[PDB]
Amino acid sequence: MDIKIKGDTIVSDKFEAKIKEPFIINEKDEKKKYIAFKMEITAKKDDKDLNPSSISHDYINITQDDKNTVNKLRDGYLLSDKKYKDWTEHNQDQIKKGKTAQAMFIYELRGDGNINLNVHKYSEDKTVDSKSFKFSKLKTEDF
């Protein structure tokens, strides 16, 4: 199945995610930082696999530039989430054929280099399209 990024929007036969502007969660308690990608995913088929968590798992790689390497970023988990419940409460739940839900995906930052959102077809993780974000210009929310 084929996949693209159109401006600010991921596009596939099965779904479209609108990438809201990402930002840092500064987890002040354990001096760790995450990058958070809010998104408005709208399901285009009826398919139990179409939950946001397994979308991101299935089709998205985040990486972050660094002095000698290009760093793959791990999935982030937050101690609690009263804060973002509005955007996470459906990260596990399937999306109805016509409908749109809010999702948010967290990755564990390491460094301060620019970020790349990559997109890859289901099986193969060769990057098919990408979007980059200047780190310097991302807004940063504490915890």
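Note that residue numbering follows the sequence shown and begins at 1.
Stretch comparison (57 to 65 versus 77 to 85) by mean CA B-factor in the PDB entry places 77 to 85 on top.
The stretch with the higher mean CA B factor, choosing between 22 to 30 and 87 to 95, is 22 to 30. Among all modelled residues in its chain, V119 ranks in the lowest third by Cα B-factor. The deposited CA B-factor of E108 belongs to the lowest third of values across its chain.
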